Amino acid sequence: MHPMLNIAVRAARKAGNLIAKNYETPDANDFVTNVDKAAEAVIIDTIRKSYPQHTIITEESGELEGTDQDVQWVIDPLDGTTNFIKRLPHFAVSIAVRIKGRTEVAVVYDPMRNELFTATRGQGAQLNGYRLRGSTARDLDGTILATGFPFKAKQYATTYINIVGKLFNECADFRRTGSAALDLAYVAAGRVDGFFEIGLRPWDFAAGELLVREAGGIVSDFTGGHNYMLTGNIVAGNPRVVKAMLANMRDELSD
Amino acid sequence: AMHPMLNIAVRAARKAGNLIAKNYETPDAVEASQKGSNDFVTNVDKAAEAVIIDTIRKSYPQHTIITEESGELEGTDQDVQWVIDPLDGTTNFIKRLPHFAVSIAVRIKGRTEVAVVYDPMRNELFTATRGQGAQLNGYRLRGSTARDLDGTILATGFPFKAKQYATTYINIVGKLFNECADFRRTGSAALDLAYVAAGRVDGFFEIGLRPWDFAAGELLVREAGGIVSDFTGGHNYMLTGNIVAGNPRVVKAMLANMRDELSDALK
Amino acid sequence: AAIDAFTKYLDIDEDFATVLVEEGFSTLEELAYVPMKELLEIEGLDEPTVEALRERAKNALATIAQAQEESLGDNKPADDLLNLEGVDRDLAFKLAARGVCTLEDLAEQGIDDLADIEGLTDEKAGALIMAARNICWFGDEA
Ligand SMILES: [Mg+2]
Ligand SMILES: [Mg+2]
């Protein structure tokens, strides 16, 4: 848990350094993808030097294998890309290392605020030396929902709207900074009570789901199942609020 | 040079924000109490408001002050007002969500003249003075140059104090989601207005906002190329608390889109 | 620190003396026999009282054994945690030892939570947890 985490942390460090460096060339749709590729490539170099056996899984490069196919590196060098496209500073790098059909290492690093959340299965998820103890809410009273509008899954638009309508009738308020990984980190660190989003992808939540579960929370799909890994339908938070949310949101779904 | 009252206001906001940051790293010192709907108010609010009032009275012992807590402290004069929010997004500071700001603006003869908002967590300082413009830490602010409701990002707020409009509100958002790309929700009206003036989000709108939660941001978005209005194109937004703001094209498109979805109570 | 142990050891009458840690009274099995070269240093306990000491010593060993077998059973897989279909007595051992001695807190444990369970794979564990979610969250019963 020490060496893998140290390597991942150094990788996220280099990624965040390059990202923040390139964040100072003001321009007013492509160069964002260029620096994305560059950060992904220096991450790839970090993967090749240290442990050249593991395999890499990126939204961009798909999956690039080596010899140890049992150790997958799921590295999103940027989440909430549109923010960095608009200079809105809410974005992070999400490193994940899955071993034996299961996530084991997780890191989410915002270089702007310098937020470096780490997570090993079992021993838990730390932040800068602090332990994330989830949220204290037992229901949907006065709580905050890290809600995410499906700007890539417009098919479920109206369904999602009715769902969030019922929620806001029941719950208190939403938040959306346009960064799934950071949303998961925040709901993990008790900064926002509950979280739920539609149509996500493994390279996005790969680390955040572990960050949440290690914080006395759970991650599931809209039907309590465990296929949210690929169905992109995720609800997360400490179990009280997740139960209180599912009990209200089940009866207006379509999947 | 630098507008005088603007300098006093930014110094006061700096001190208040330093106190805010000080209270932030201590999740013990905050001793809040619930006052409205799904939100507390902390002792930190009182401390920051006190610091701001004192710093203002130091160099202005007669100006009128306005605040959510102290209502309206009528100084010996009543033409120079200081609308103050020592915290926008107290809900976030409760949960220590690092996204909030202090807000200070000055009204002269009813017209906002200088305004500042301050995010201590990112050390961002949105200043804006009338007839000279808005600045972010020393850079000009022009707002998003987007020309239509396509690909835009829309900042908004849910009416946790007036949830009756929610349904209507929902429909509005629903309608908007037909065209716009994505929304934004930070629970901080002032910072939403700033981001609009910052060109970070390409449009903002909220149903039923408090007067001292935009009187600083509205001058920012004004002098940053953007315009503000109510949901019917009028100037009564200061009373209804119903705000839309952004560059002229996106504001016009939003108003055209919402002319139907809206309810007659709001118009 | 033995005050709960020697309650009734030399207990034909407790107003004789407190037990002796000079020989230890802290092995309880290798102390089944200590010769009379050192067991003449006790006073006020004649030979019938010595046989009574042996009887109450068997009783004290019984007390320590009972304390052992009672503190061990911090598992208590209950009927509400045994009735669960697919959850036998042994899976109930392992689950009530995992850290959830109930069902409501059980529906609040994911796959990786209930992984490494003796007698359950990953997929069937997930199916059982989903069934527990049906019986605690989805069924909407009380
Ligand atoms: Mg990505
Ligand atoms: Mg306020």
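Residue 1 is the first one shown; counting continues down the chain.
Including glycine, each Cβ sits where the backbone N, Cα and C put it.
For reference, Swiss-Prot has these:
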type: BINDING; residues: B:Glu68, B:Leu87, B:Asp88, B:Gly89, B:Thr90, B:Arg184, B:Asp213; note: substrate binding site
type: BINDING; residues: B:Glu68, B:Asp85, B:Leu87; note: Mg(2+) binding site
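Highlighted in sequence order, B:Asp45, B:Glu49, B:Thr67, B:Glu69, B:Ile84, B:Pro86, B:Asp88, B:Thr90, B:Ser103, B:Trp212, B:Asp213 have their Cβ within 8 Å of the centre of the Cβ atoms of B:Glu68, B:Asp85, B:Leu87, the residues recorded for Mg(2+), and are not part of that set. Among the binding-site residues B:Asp85, B:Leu87, B:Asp88, B:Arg184, the residues whose Cβ lies under 6 Å from any atom of ligand 2 are, in sequence order, B:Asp85, B:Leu87, B:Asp88. Closeness to chain A is evaluated for the binding-site residues B:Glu68, B:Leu87, B:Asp88, B:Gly89, B:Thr90, B:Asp213 by Cβ distance, with values under 8 Å counted; no residue is counted. Sequence-distant contacts (6 or more apart, same chain, Cβ under 8 Å) of B:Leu87 (substrate binding site) comprise B:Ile20, B:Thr42, B:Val44, B:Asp45, B:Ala48, B:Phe93, B:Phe100, B:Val102. Taking every pair among B:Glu68, B:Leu87, B:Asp88, B:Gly89, B:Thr90, B:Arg184, B:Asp213, the residues listed as contacting substrate, the largest Cα to Cα separation comes to 25 Å. Of the binding-site residues B:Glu68, B:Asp85, B:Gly89, B:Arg184, B:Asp213, B:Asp85 has the largest number of other Cβ atoms within 10 Å of its own Cβ. For B:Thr90 (substrate binding site), the count of additional Cβ atoms within 10 Å of its Cβ stands at 22 [all protein chains shown]. Counting Cβ atoms from all protein chains shown, B:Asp88 (substrate binding site) has 30 others lying within 10 Å of its own Cβ. Note: the Cα of B:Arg184 (substrate binding site) and the Cα of B:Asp85 (Mg(2+) binding site) are spaced 22 Å from each other.
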